[PDB]
Amino acid sequence: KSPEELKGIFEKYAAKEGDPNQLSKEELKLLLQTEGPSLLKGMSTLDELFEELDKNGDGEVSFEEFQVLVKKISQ
């Protein structure tokens, strides 16, 4: 579920940033939060750690990196 939902949205958002594999924090947050309304699986661990990464200032996030990070920090 979450992989597919995240990815499906990610492709569309990432298209704005040209490379469908690459998204950034700004969109990332929206994309994560979406799993809230969708599956009640957005605005928790995922966004919390991504806010930390935002404060560190990662900014740019590839799908793969994103995906592995969110599930690894959650589990």
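With the deposited numbering, letter number 43 in the sequence shown gets 43, and the count goes up by one each step, no holes.
Just so it is clear, CB atoms sit at the ideal spot from N, CA and C, and this is done for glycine as well.
Rounded straight-line distance, which links the Cα of residue j to that of residue i
i	j	result
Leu23	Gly57	14 Å
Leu69	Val61	10 Å
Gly42	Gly18	24 Å
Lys12	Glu5	11 Å
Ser74	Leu46	7 Å
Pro3	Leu32	11 Å
Integer Cβ distance of residue i from residue j, believed to fall under 8 Å
i	j	result
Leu28	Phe66	7 Å
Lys16	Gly59	That belief does not hold up - the Cβ atoms of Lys16 and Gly59 are roughly 15 Å apart, past 8 Å.
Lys1	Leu39	6 Å
Selection from the options that minimises the alpha carbon distance to residue i
i	options	result
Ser44	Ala14, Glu11, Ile9, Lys71	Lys71
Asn21	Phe50, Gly8, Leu30, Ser2	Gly8
Reduced DSSP secondary structure (H/G/I, E/B, other) of residue i
i	result
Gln67	helix
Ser2	helix
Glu17	coil
Bridge-paired residues (DSSP) for residue i
i	result
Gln22	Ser62
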